[PDB]
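Data first, discussion second: the structure below is written as structure tokens.
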6 protein chains.
Amino acid sequence: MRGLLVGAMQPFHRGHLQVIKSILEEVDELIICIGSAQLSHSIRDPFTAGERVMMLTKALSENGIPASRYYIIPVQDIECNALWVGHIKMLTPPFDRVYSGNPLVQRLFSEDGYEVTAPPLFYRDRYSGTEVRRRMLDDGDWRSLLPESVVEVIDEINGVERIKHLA
Amino acid sequence: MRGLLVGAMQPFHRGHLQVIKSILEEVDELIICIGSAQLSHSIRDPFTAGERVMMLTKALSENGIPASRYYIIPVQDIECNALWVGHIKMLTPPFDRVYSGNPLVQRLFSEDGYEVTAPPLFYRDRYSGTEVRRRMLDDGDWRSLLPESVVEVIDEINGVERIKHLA
Amino acid sequence: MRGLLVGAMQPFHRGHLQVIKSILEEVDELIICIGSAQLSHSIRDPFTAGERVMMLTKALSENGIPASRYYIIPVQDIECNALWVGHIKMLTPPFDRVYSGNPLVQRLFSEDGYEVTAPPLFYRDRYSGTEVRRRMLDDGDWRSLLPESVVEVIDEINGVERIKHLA
Amino acid sequence: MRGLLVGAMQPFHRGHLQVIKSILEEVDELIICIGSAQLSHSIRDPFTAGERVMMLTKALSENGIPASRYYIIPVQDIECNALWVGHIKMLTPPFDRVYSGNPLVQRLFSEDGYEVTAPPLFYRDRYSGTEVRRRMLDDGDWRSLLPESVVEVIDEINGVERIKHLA
Amino acid sequence: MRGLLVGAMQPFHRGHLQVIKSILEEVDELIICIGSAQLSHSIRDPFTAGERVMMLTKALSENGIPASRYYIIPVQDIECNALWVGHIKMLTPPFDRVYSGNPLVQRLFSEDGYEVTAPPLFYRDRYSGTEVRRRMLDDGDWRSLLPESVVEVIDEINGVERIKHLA
Amino acid sequence: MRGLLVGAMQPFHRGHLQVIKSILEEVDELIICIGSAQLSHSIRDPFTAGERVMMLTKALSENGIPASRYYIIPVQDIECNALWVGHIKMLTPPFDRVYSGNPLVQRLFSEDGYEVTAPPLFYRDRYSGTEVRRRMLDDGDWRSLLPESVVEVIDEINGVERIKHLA
Ligand SMILES: NC(=O)c1ccc[n+]([C@@H]2O[C@H](COP(=O)([O-])OP(=O)(O)OC[C@H]3O[C@@H](n4cnc5c(N)ncnc54)[C@H](O)[C@@H]3O)[C@@H](O)[C@H]2O)c1
Ligand SMILES: NC(=O)c1ccc[n+]([C@@H]2O[C@H](COP(=O)([O-])OP(=O)(O)OC[C@H]3O[C@@H](n4cnc5c(N)ncnc54)[C@H](O)[C@@H]3O)[C@@H](O)[C@H]2O)c1
Ligand SMILES: NC(=O)c1ccc[n+]([C@@H]2O[C@H](COP(=O)([O-])OP(=O)(O)OC[C@H]3O[C@@H](n4cnc5c(N)ncnc54)[C@H](O)[C@@H]3O)[C@@H](O)[C@H]2O)c1
Ligand SMILES: NC(=O)c1ccc[n+]([C@@H]2O[C@H](COP(=O)([O-])OP(=O)(O)OC[C@H]3O[C@@H](n4cnc5c(N)ncnc54)[C@H](O)[C@@H]3O)[C@@H](O)[C@H]2O)c1
Ligand SMILES: NC(=O)c1ccc[n+]([C@@H]2O[C@H](COP(=O)([O-])OP(=O)(O)OC[C@H]3O[C@@H](n4cnc5c(N)ncnc54)[C@H](O)[C@@H]3O)[C@@H](O)[C@H]2O)c1
Ligand SMILES: NC(=O)c1ccc[n+]([C@@H]2O[C@H](COP(=O)([O-])OP(=O)(O)OC[C@H]3O[C@@H](n4cnc5c(N)ncnc54)[C@H](O)[C@@H]3O)[C@@H](O)[C@H]2O)c1
């Protein structure tokens, strides 16, 4: 039993961690796709795929989740939404269930014939990439939205410095 | 200390496994990039990236190598060899050493300023994707060139059936 | 004498039908290009090219227009507006006149040396993809804006269901 | 009942016509995809998609096949064979059966779950794009391999003149 | 000592000229990259790269700047900001200093390890592509923002006519 | 009167120089397009566009040809030969005559309506990129085929070292 979760992870926050631990209670393995693997240095997608890979690795590792229970696979976006499901399948191990709270993602897999489920959201007004990125820019409390290990990576790559400069 | 290895892994053979265990003796972690992640169903690149991810996962796992010691990251090829090193870096965690026996790969990283090393080859006349794929086509002994787990995956995805049909 | 008309046809509405019958009074054949053939599942371009091909086929057929009087050719968009006219010509039979109400389309063909004409609009405040898509979303009367055959296709492909989910 | 046939049609020869009439005896409509719609001016793909559209139109029309029994849809090739079936579906009306004599085409649809059938070949040593193009270049009898209407189009677009110059 | 300056030059205005003469006082040669070389016919990027090449050529020539002191190199944009610096380097002669007032440009070169400097702006509220294009559209005084030679090119290519039509 | 010449310039040899001086006797300015600006590090296209820009700059400058008499514009290749002429025009100043000895180039401009002329070749068995690259690889006398300034650039960028490694 393998599940599939896809997210920009810009950056990886507590919302992601919480939902990932939750899904891991009903699937043997979870394929975690890092979307928009080609985008970086924008207000929407500030970090590279490589950097986001380090965030998921540190965070999940620090939380005791065995590395063999998941797959971190970067997936570049594509112009055709009609070929996106195929794009994912082409780059990943087989999977039986899709977990997503994203309308487009849910609909594209739903139409292809996959069972998709939308997990309960955890503090959806605080745990979202949009809010995190906004706090980083306007000096709000963003550290409280991310696992300590992600905060460490963000400091090592000078993420706040970059995002603020670009703005 | 993180190393970087890149290969088409079409399919993942004993040559790859042998060299990977070897590199793991001098680096803490090895980033294993599955090249040509967009190609599949050709004589040169018969298996999808997703399928090759299952091969590396099974093989390395079956050989006792802890999953936390490596990264399996699919990387699509790009038209510009001059941007390829950057392409890799954009999709991966930082790395200090590049291990490659591929002339182009060695030269592109060498020019960018990375230390590249070419490990000793293991039965280079038998352990190569080219030979494996040729045996699969002409009914030679290809199973002896691959870890048992890879053979299992090849049978589950009907790899020989596909490669033979396409030919 | 062959004319050329290009539209997103998202979806094909009475405005399109009306103008098509009109153009068919001064040209022997009309090449109808379905633009943005690669886009689908967005608020702006909800239907695939394949689906829009079924809409034009049903609608024109139901209206008695002989199939030999036109060409339904899907054309993907391209990044370079300067090569777009060439892009069209590369995928279509020769044509002598361009019929368009779209500023960019008119200007790109005008600059290339083609005679372009902007036909009289039919209820431009009701017969537009934008209005149709808005009514489908906000439960307005969208069926009255489309030929009955297009409504049938929209129901068979669950168009309203998709567009509403994505929103 | 709709069938699907895909070919480079470089150029459209008697082999294509023969097989098309044959398929039309067991399907209500045939979707004829003109592959490699973006390639032109090479020894392998000398004619543009637009030109090949004129060839299929003239030939099928001249042979009395009602235009409403088929779809001529140009489809550009794509880098990923794994997304090609999806690419086709995205640009075409639904179809129940795939007719192909091309190994790759047969295998990609076969794996996606479509019933594919390979029709009897008609003079496979004479009716092939390769042979036609070779005769055009080496002054052989190529006109006998094509429907008279295709020969007319080839003369109107100066096809032999182009192919010979490029060589 | 070679410097590098990159701009959309839509169109080339007095602000560009002023800053270019200024940079030429501290560098032996200036590589002037015309960005977005693939975009044209939009409100943001109205002129083609070819047209903008004629503008820089006329303007710099008319101002007595020897042609051997600079390079006019069109550079298409790319989807990956992480590969953009590499993209530039791949298309240009070596350079030691980057001159830019653009946040993203400054940050991408800064991160790659290049010394970047932001020159003093000249009438930043008047000398900007945005203002020029706005005046051309709303009949303001745009000619006063551009070197006389650029105005001549704009008239020869019917730039105002195009921009107004598209709007 | 502006002419247009296009070449891979891999590398820029005496054949190019000779023909360029010749064309400059019948045109006021020559637009020199460096084709395949995106390719590099292959046996066919070993040098980047940036490097080839330095070769043309040094060579033409050393030969006393005023820099204002020509344009060095890198042009990336594109998948569609049917849009290539448009691609060139989009990136260049207007031109009245095309000078080429390349069959495809001649035919694509010829069909678009441009007057194309094939200049007399200078030692076509020695002055060709193919021969130069072969001598560099097999230790033949390649320096005699190139202007001294190009040889200097090739040594500064370690061209022979790169080409030999890749082989
Ligand atoms: N055509 C294409 O290329 C295409 C089509 C669709 C989607 N995509 C890609 O999908 C990615 C977008 O993912 P996204 O916007 O959902 O990213 P995201 O990181 O904001 O969210 C990822 C997912 O994580 C879960 N999640 C997030 N916060 C949560 C919280 N607080 N509590 C519980 N669950 C939570 C949800 O399931 C959500 O959809 C992008 O990379 C996008 O480009 C690509
Ligand atoms: N521009 C680009 O997109 C670009 C440029 C360069 C390379 N690439 C990619 O690089 C990949 C090619 O990798 P490849 O051809 O080397 O693949 P491969 O799987 O055949 O070999 C991978 C590497 O594994 C090692 N290896 C293999 N067999 C071995 C053996 N028996 N003993 C010891 N070591 C052994 C070598 O270091 C070798 O280079 C492709 O995906 C290619 O597209 C892409
Ligand atoms: N570079 C590029 O890729 C590029 C450049 C230009 C245009 N395009 C494509 O052009 C397409 C856009 O077409 P559009 O926005 O005009 O689509 P549309 O379907 O909204 O309208 C198509 C045309 O139909 C006619 N029409 C529509 N409603 C009418 C009515 N009520 N009465 C009379 N005539 C009516 C007009 O001539 C109009 O321009 C897209 O596919 C776009 O991507 C592509
Ligand atoms: N990834 C991709 O982009 C991808 C993958 C697969 C195929 N394609 C496309 O498929 C097209 C190739 O089609 P092709 O090589 O088969 O073209 P073709 O015109 O040579 O043949 C088309 C088909 O017509 C039939 N046919 C031809 N001659 C016949 C004869 N004498 N008697 C009976 N039947 C006959 C066969 O079914 C054959 O496969 C190209 O456009 C190719 O690019 C694209
Ligand atoms: N990924 C990518 O493809 C990518 C990433 C970054 C940037 N770009 C490209 O960079 C280009 C954008 O350049 P831009 O927006 O800065 O163009 P611009 O022409 O508006 O400005 C160019 C530069 O000229 C200088 N300048 C302009 N007006 C001046 C004035 N009045 N006084 C002094 N100096 C002045 C500044 O240094 C400025 O950044 C585009 O082509 C964009 O696509 C591409
Ligand atoms: N679709 C596309 O992207 C497309 C289509 C056509 C051509 N191209 C591009 O065209 C370029 C190829 O140019 P090429 O192969 O001719 O390069 P080249 O450098 O070998 O030759 C360039 C030209 O220089 C002249 N020349 C060369 N040697 C000469 C000599 N000894 N004496 C006299 N004249 C001489 C000839 O006119 C010749 O065609 C590539 O960049 C190719 O990709 C692109």
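All values below come from the heavy atoms of this structure, side chains included, with hydrogens, waters and symmetry mates left out. In what follows, every chain begins at residue 1, and chains take the letters A, B, ... in the order their sequences are listed.
- With rounding to the nearest 0.5 angstrom, the CG atom of B:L104 is 4.5 Å from the CG atom of B:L108.
- Scanning both residues, F:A37 and E:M90, for their nearest heavy atoms gives O-CE, 3.8 Å.
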Do any side-chain atoms of residues 160-167 of chain A form donor-acceptor pairs under 3.5 angstrom with protein atoms, and if so which ones, sequence neighbours left out?
{"residue": "A:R162", "atom": "NE", "partner": "A:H41", "partner atom": "NE2", "Å": "3.4"}
{"residue": "A:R162", "atom": "NE", "partner": "E:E111", "partner atom": "OE2", "Å": "2.9"}
{"residue": "A:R162", "atom": "NH1", "partner": "A:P46", "partner atom": "O", "Å": "2.9"}
{"residue": "A:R162", "atom": "NH1", "partner": "A:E51", "partner atom": "OE1", "Å": "2.9"}
{"residue": "A:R162", "atom": "NH2", "partner": "A:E51", "partner atom": "OE2", "Å": "2.9"}
{"residue": "A:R162", "atom": "NH2", "partner": "E:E111", "partner atom": "OE1", "Å": "3.4"}
{"residue": "A:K164", "atom": "NZ", "partner": "A:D139", "partner atom": "OD1", "Å": "2.7"}
{"residue": "A:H165", "atom": "NE2", "partner": "E:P103", "partner atom": "O", "Å": "3.3"}
{"residue": "A:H165", "atom": "NE2", "partner": "E:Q106", "partner atom": "OE1", "Å": "3.3"}

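- A heavy-atom distance below 4.5 Å is found between the side chains of A:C33 and A:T92.
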*asked:* Between E:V132 and E:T130, is the side chain to side chain contact (heavy atoms under 4.5 Å, CB included) condition met? List the steps.
replied: CA-CA 6 Å; E:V132 184; E:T130 301; over 6 Å; no
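- Of the inter-residue distances, the one linking A:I72 atom CD1 with A:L56 atom CG reads 5.0 Å to the nearest 0.5 angstrom.
- The distance from atom CG of A:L146 to atom OH of A:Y127, rounded to the nearest 0.5 Å, is 9.5 Å.
- Closest heavy-atom contact between E:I34 and E:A8: CG2-O, 4.1 Å.
- The nearest pair of heavy atoms linking B:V116 to B:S110 is CG1-CB, 4.2 Å.
- Comment: B:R2 engages B:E29 in a salt bridge, judged by a side-chain N to carboxylate O separation of less than 4.0 angstrom.
- Put simply, the side chain of A:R135 never gets that close to the backbone of A:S144: no donor and acceptor are under 3.5 Å apart.
- Two residues are said to be in side-chain contact when any heavy atoms from C-beta on lie closer than 4.5 Å; B:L5 and B:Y70 fail this criterion.
- Taking 4.5 Å as the limit, every side-chain heavy atom of B:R97 sits out of range of all side-chain heavy atoms of B:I23.
- In this structure, B:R69 places its CZ atom where more than 12 heavy-atom neighbours from other residues, nucleotides or ligands lie under 6.0 Å away.
- Here the closest heavy-atom approach between residue A:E62 and residue A:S149 is recorded as CG-CB, 3.9 Å.
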- Task: Step by step, work out the side chain to side chain contact (heavy atoms under 4.5 Å, CB included) result for B:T48 and B:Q38.
- Result: CA-CA 7 Å; B:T48 68; B:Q38 78 296 338; over 6 Å; no
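- For the atom pair OH of A:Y71 and CG of A:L30, the computed distance is 10.5 Å after rounding to the nearest 0.5 Å.
- Using cut-offs of 30° and 60° for the angle between ring planes, the B:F95 and B:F109 rings count as perpendicular.
- In this structure, E:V105 and E:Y99 have side chains that are not in contact, with every pair of non-hydrogen atoms separated by 4.5 Å or more.
- Classification of A:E131 and A:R126 as a salt-bridged pair fails, no side-chain N sitting under 4.0 Å from a carboxylate O.
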Decide yes or no on side chain to side chain contact (heavy atoms under 4.5 Å, CB included) for E:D112 and E:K89, but give the supporting numbers first.
CA-CA 11 Å; E:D112 183 79; E:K89 294 165 61 178; 4.1 Å; yes
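- For the pair A:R14/A:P147, a side-chain contact is recorded, criterion being any heavy-atom separation below 4.5 Å from C-beta on.
- At a threshold of 4.5 Å between non-hydrogen side-chain atoms, the residues F:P74 and F:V53 count as touching.
- Heavy-atom minimum distance, B:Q76 versus A:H87: NE2-CE1, 3.5 Å.
- To the nearest 0.5 angstrom, B:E79 atom CD is 16.0 Å from B:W84 atom CH2.
- No side-chain N or O of A:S40 forms a donor-acceptor pair with one of A:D45 less than 3.5 Å apart.
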- Message: Determine whether B:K21 and B:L24 satisfy the following criterion, side chain to side chain contact (heavy atoms under 4.5 Å, CB included), listing intermediate values before the conclusion.
- Response: CA-CA 5 Å; B:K21 291 183 177 183; B:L24 281 183; 5.6 Å; no
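- The shortest side-chain heavy-atom distance between E:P119 and E:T117 falls under the 4.5 Å cut-off.
- Distance SG/E:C80 to CD1/B:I78: 8.0 Å, rounded to 0.5 Å.
- Taking every heavy atom of both residues into account, A:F47 and A:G159 meet most closely at CE2-CA, 3.6 Å.
- E:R133 places a side-chain N or O within 3.5 Å of a backbone atom of E:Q10 that can act as its donor or acceptor partner.
- No side-chain heavy atom of B:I32 sits under 4.5 Å from any side-chain heavy atom of B:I73.
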